[PDB]
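Undergrad:
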Amino acid sequence: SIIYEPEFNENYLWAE
Amino acid sequence: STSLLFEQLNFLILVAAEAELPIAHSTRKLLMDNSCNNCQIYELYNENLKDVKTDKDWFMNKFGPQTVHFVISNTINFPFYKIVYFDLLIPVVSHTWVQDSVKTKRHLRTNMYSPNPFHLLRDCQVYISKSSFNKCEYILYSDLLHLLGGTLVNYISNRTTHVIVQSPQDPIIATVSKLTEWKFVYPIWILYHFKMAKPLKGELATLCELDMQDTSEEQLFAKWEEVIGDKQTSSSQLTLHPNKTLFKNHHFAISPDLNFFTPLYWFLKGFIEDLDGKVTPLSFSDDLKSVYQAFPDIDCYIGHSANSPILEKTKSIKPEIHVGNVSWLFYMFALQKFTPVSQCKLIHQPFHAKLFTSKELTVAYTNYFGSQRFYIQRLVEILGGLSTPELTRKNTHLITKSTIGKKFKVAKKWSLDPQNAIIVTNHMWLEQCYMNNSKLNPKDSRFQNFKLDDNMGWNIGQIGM
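In order, the protein sequence lines correspond to chains E and A.
To convert, note that position 12 of the first sequence is 33 in the entry's author numbering; the numbers rise steadily by one, no gaps.
With the entry's author numbering applied, the second sequence corresponds to residues 2 to 181, 200 to 484, in that order.
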């Protein structure tokens, strides 16, 4: 049972 | 007192001394009474392995051809531990894991039953806050936590023990105070255990806790210097990682695409230098020809991205240069041998461009234990997708090694649906997608093979070595 689950960031691993 | 709990799972029990046979026998009986497939016993004390090269080939020939799902040992002091644990990704668990697994009637998480005394965070379920860190910091902190035996989660739950944040400015602190136990800590909580190799206690433990009065960068730098700076008092457990010249005669160029919190860069620099390597940081403004001509011993490039222009220019000027990422360095530290990147795993190269989106790749997995959970989540991440703890209708794929278990049964039934069809495929689809940089078809026959436990070379992590 979760508390908080952040919204996924599609380009987190490539952001400049 | 029998059950199907361990159906189709193979075990290797290592007996370190003659006095452990009673417990080995005990453990074997419990495994056999609960339907283990194969259960080998190997006495370390009774065969001179000195001057035998106990490498991967030797292990697959001695104990295969079928995969060993678990090694049961209360020691890491055997000469094929690094091959078993860091290469083949086979969990190494104590005798207590078997006893506890039979009593609770489920496959327990292996991490907390590791006998590696470096696994100081074995009891920790840790969420790293992406709104606190850039991509490269996130990868590094994940690598170190995994290396200290902890578990990474992508969600905060009742089972989460620690939330990593950079500062009190991270949105998440406020966003979780509204909603509501577990502790907020700075990354120096992880780093201290790595550097000192003992539990974090007393005043230093308090300096790693989130402090809402650390409102500037200056206060963070000061805590970092108190907790992992010039200690001068020694590290504990000095023989765990005994090769103090691991990076002798190697000189690393550090890409500017990393962009670490300055005290984190100091930690990384200090790590390389205490292993006798050298570090030169590259900046975007550098003329690369004259940098590499001024320091001609530079033989390694460390970068985040495979598509960096710095890396393209670097390869042009220095065609035989080693091209790795920060994860590569720590894998070399784990193996205690300098290892070229082509002999390491896919994940040790600078990362490929994003292949998939979430909508194309939101994956669940089943029957992956310990370091294989870590590996599959890293792979899905660097492919561009999301991985979930549970199987829901949101999932685009289920990844599986075999046909056993309840997630496979439910997902295999859902595959028969007409429109929004979940796909069941093996882990080699992920690895070949990444290796080839292509959206391969998961329904090709090679990726519908679910009898991968018949060969140890089909262990996740072996594609690309």
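For every residue, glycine included, the Cβ atom is placed at its ideal position computed from N, Cα and C.
#1: Is any beta-carbon of chain E found at less than 9 Å from that of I366 of chain A?
#2: Curious, which full-length alpha helix (DSSP H) runs of at least 4 residues does the stretch 226-267 of chain A contain?
#3: Please report the distance separating the alpha-carbon of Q391 of chain A from that of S309 of chain A.
#4: At 9 Å on the CB atoms, spell out the chain E contacts of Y156 of chain A, in chain order.
#5: Using the beta-carbon of each residue, which ones in chain E are nearer than 8 Å to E400 of chain A?
#6: Would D124 of chain A and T181 of chain A qualify as a contact pair, given that the criterion is a beta-carbon distance under 9 Å?
#7: Taking CB distances under 9 Å as the criterion, tell me whether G403 of chain A reaches chain E.
#8: From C137 of chain A to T111 of chain A, what distance separates their C-alpha atoms?
#9: Note the first and the last residue of the continuous alpha helix (DSSP H) segment covering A313 of chain A.
#10: On the CB-based measure, 16 or more other CB atoms within 10 Å of its CB, does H147 of chain A come out buried or exposed?
#11: What residues in the stretch 343-358 of chain A have a beta carbon less than 9 Å from any beta carbon of chain E?
#12: Going by DSSP, name the residue or residues bridged to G343 of chain A.
#13: Is the stretch 157-173 of chain A touching the stretch 306-326 of chain A, taking contact as three or more C-beta pairs under 8 Å?
#14: Just reading off the beta strand (DSSP E) that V72 of chain A is part of, what are its end residues?
#15: With DSSP collapsed to three states, give me the class of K202 of chain A.
#16: Quick one: which chain E residues come within Cβ less than 9 Å of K136 of chain A?
#17: For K413 of chain A, which residues in the same chain have their Cβ closer than 8 Å to its Cβ, ignoring the five residues on either side in sequence?
#18: Does the structure place the stretch 24-38 of chain A close enough to the stretch 97-113 of chain A that three or more beta carbon pairs sit under 8 Å?
#19: Would you say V177 of chain A lies against chain E (beta-carbon separation less than 9 Å)?
#20: Give me the subset of the stretch 295-325 of chain A whose CB atoms are less than 9 Å from a CB atom of chain E, sorted by chain position.
#21: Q256 of chain A: buried (16+ other C-beta within 10 angstroms of its C-beta) or exposed?
#22: Beta-carbon of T161 of chain A versus every beta-carbon of chain E: anything under 9 Å?
#23: Does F29 of chain E pass the burial test, meaning 16 or more other C-beta atoms within 10 Å, or should it be called exposed?
#24: Can you give the Cα-Cα distance for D318 of chain A and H371 of chain A, rounded to whole angstroms?
#25: At the 9 Å Cβ level, is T152 of chain A part of the contact set with chain E, yes or no?
#26: When the Cα of residue 489 of chain A is compared with those of A:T376, A:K378, A:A383, A:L398, which residue comes out closest?
#27: Following the continuous alpha helix (DSSP H) through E400 of chain A, name the residue where it begins and the one where it ends.
#28: Identify, in the order they occur along the chain, each residue of the same chain with its Cβ nearer than 8 Å to the Cβ of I173 of chain A, setting aside the five sequence neighbours on each side.
#29: Between the alpha carbons of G151 of chain A and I442 of chain A, how many angstroms are there, rounded?
#30: According to DSSP, is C37 of chain A helix, strand or coil?
#31: Taking DSSP as the reference, what is the three-state secondary structure of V93 of chain A?
#32: Using the Cα positions of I340 of chain A and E450 of chain A, report the straight-line distance between them to the nearest angstrom.
#33: Determine the DSSP secondary structure at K356 of chain A, reduced to helix, strand or coil.
#34: Anyone know if the C-beta pair for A383 of chain A and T411 of chain A falls short of 9 Å?
TA: The answer reads as follows:
#1: no
#2: Runs found: 236-247.
#3: 43 Å
#4: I23, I24, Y25, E26, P27
#5: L34
#6: no
#7: yes
#8: 27 Å
#9: 307-313
#10: buried
#11: none
#12: Within the DSSP bridge table, the entry for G343 of chain A names A:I321 as partners.
#13: no
#14: 71-73
#15: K202 of chain A falls in the strand class under three-state DSSP.
#16: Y33, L34, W35, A36
#17: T381, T407
#18: yes
#19: Interface criterion met: the Cβ of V177 of chain A is under 9 Å from a Cβ in chain E.
#20: From the stretch 295-325 of chain A, only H323, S324 have a Cβ closer than 9 Å to chain E.
#21: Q256 of chain A is exposed by the Cβ-count criterion.
#22: yes
#23: exposed
#24: 22 Å
#25: no
#26: With chain A covering 2 to 484 only, the question about residue 489 of chain A has no answer from this structure.
#27: Per DSSP, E400 of chain A belongs to the alpha helix (DSSP H) from 390-402.
#28: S130, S132, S133, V164, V166
#29: 30 Å
#30: coil
#31: Here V93 of chain A carries a strand assignment [DSSP, helix/strand/coil].
#32: 25 Å
#33: Here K356 of chain A sits in coil by DSSP.
#34: yes
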